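In structure tokens, one chain follows: the form solved without the named molecule.
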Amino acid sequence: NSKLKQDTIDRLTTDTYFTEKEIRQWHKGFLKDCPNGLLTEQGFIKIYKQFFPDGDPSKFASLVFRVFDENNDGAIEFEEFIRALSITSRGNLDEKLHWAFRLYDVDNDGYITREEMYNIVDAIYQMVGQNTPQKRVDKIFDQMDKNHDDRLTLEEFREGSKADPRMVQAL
């Protein structure tokens, strides 16, 4: 059933930054675009092509699709689409870096490895054209990997990702 149910709205308004009025209007758009209520991977990548016309965004969009597809059934339902957008577009910085941690930790083992990291950084370079991804990976691990075990925990990744505020740096 493709109808937005009230029980979906109640969990969404409880967990997300959106109001019911926003959810119901977003839902009419989502339905227009996705008549059976399911956003597919091809459809998702197509959105990334719109945002990034002059690279190949497909690798990165596939990685993001999998994080949006929380129940791993190969589709993004509406509730999934909204939960993800709430965090990324209205979340505080910790909520966003936690979502981003899930993006990198592709096997969900609780760590970002050097390989998982190279893979994201390579996907982003493919999405926008212009020294190597390998050098960026070494640099991130140099600052962020405090116990030198070639992996990043959520705390290391989140705290490393969090810059000192510009004003603090200035002092």
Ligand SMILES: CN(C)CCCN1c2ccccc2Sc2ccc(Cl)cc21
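Definition used throughout: the rigid core is the maximal C-alpha set that superposes within 1.5 Å between two forms. Residue numbers run from 1 along the displayed sequence.
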Are coordinates for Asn131 absent in a third or more of the other compared PDB entries? yes
Going by the average Cα B-factor in the PDB entry, point out whether 10 to 18 or 157 to 165 comes out higher. 157 to 165
Going by the B-factors listed in the PDB entry, is the mean over the C-alpha atoms higher for 45 to 53 or for 99 to 107? 45 to 53
Among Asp69, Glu116, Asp145, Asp138, where is the Cα temperature factor highest, going by the PDB entry? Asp138
Chain-relative CA temperature factor third for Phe30: middle
Determine, from the deposited record, the chain-internal third of the Cα B-factor for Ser62: lowest, middle or highest. lowest
Grab the CA temperature factor for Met127 from the record and place it in the lowest, middle or highest third of its chain. highest
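Keep in mind the form solved in complex with the named molecule is missing from the figure; the text below concerns it.
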Quick check on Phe78: any heavy atom within 4.5 Å of the named molecule in the entry with it bound? no
In the entry with it bound, does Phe141 come within 4.5 Å of the named molecule, counting heavy atoms only? no
Checked 71 to 109 against the named molecule in the entry with it bound; residues with a heavy atom within 4.5 Å, sequence order, are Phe81, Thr88, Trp99
Rigid-core fit between this form and the one not shown, the member of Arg66, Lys146, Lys49, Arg102 whose C-alpha shifts 2 angstroms or more: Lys49
Please determine whether the C-alpha atom of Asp164 is displaced by 2 Å or more between this form and the one not shown following superposition on the rigid core. yes
Cα-Cα trend for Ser89 and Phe51, given that in the entry with it bound the distance shifts by 3 Å or more: farther
Sense of the change in Cα distance from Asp164 to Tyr111 in the entry with it bound - at least 3 Å versus the shown form: closer
